[PDB]
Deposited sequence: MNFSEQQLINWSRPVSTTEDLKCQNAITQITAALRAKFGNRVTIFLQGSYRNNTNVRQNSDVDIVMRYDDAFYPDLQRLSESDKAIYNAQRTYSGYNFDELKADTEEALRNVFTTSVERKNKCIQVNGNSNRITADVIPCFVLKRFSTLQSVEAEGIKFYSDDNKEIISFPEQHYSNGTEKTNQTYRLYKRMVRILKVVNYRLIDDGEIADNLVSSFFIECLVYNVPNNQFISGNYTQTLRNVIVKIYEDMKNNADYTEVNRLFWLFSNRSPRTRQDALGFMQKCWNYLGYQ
């Protein structure tokens, strides 16, 4: 195949992490700006690639969640106002670096801090039929009126558990496939939204643990791609990493065909035979 075992190992490593000075600087500065307005009425935490340790690009943007939750976690008002107040708190400090986006407020970085997406949100509680329990996550609204929900804590914990059980290969395989995704996008071979990082993470999550072969990145990656590809042809019922909801739920526009096509492009790019 086209890339050596060592090249796959190199691609499997995290590139940006929460240890990075520029990441710490962004979190510190943004946290101070938000606390100046909201005090203890919010919980601030990370989600996305810095939280799950799946970054494969230098100087990656960080996703900082600001959960307005005074009603649920009190000190021992609609979403439009929350997001506007969040934007104001950030603009007072970061001025022209602040840009409102559809699902977040972006705070553009500089020589000393990474860019950050600040995600104002509320507590969400929803019943999971998969687990027959009420689950707690977050909810917010996009500027184009979609209700966006997430379970970042359960996503974090389940992904960490799987990597701990697979010789650390679960997240290493996610990272490799994210690298291939960016390369295919840069080459114009796939659209930049054929698959997202979240989608890749969920696809690999559903590959059984016994497909991850200690110390064999080439064969593990082969197993991962073949398993997802075949599962997509076979109409498989994949879960999200959070194990609370189905990946191919009728709430989500992404499809098994998207995953099948992505796996094919990865297989061809990597040169497996």
Q. Quick one: where does the model skip the deposited sequence?
A. 77-95
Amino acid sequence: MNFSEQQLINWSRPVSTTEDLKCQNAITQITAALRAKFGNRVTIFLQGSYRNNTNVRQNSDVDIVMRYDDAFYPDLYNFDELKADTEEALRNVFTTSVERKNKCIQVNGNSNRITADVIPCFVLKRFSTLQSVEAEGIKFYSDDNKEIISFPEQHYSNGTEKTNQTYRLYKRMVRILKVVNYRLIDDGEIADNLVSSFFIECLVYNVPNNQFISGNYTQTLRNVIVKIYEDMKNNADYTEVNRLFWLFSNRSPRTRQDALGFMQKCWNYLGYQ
From here on, numbers count along this sequence of modelled residues.
Q: Return whichever of 195-203 and 123-131 has the greater mean Cα B factor according to the PDB record.
A: 123-131
Q | Of 108-116 and 184-192, the stretch whose C-alpha atoms average the higher B-factor in the entry | A | 184-192
Q. Between 60, 239, 220, 31, which one tops the list for C-alpha B-factor in the PDB entry?
A. 60
Q) Hey, out of 154, 86, 145, 160, whose CA B-factor is highest in the deposited coordinates? A) 145
**Q.** Chain-wide C-alpha B factor ranking for residue 12, given as lowest, middle or highest third
**A.** middle
Q | Ranked against its chain, the third holding the CA B-factor of residue 47 | A | lowest
Q: Pull the Cα B-factor of residue 176 out of the PDB entry and bin it into the chain's lowest, middle or highest third.
A: lowest
Q) Considering only modelled residues of the same chain, in which third does the CA B-factor of residue 138 rank: lowest, middle or highest? A) lowest
Q | Relative C-alpha B-factor of residue 25, binned into the chain's lowest, middle or highest third | A | middle
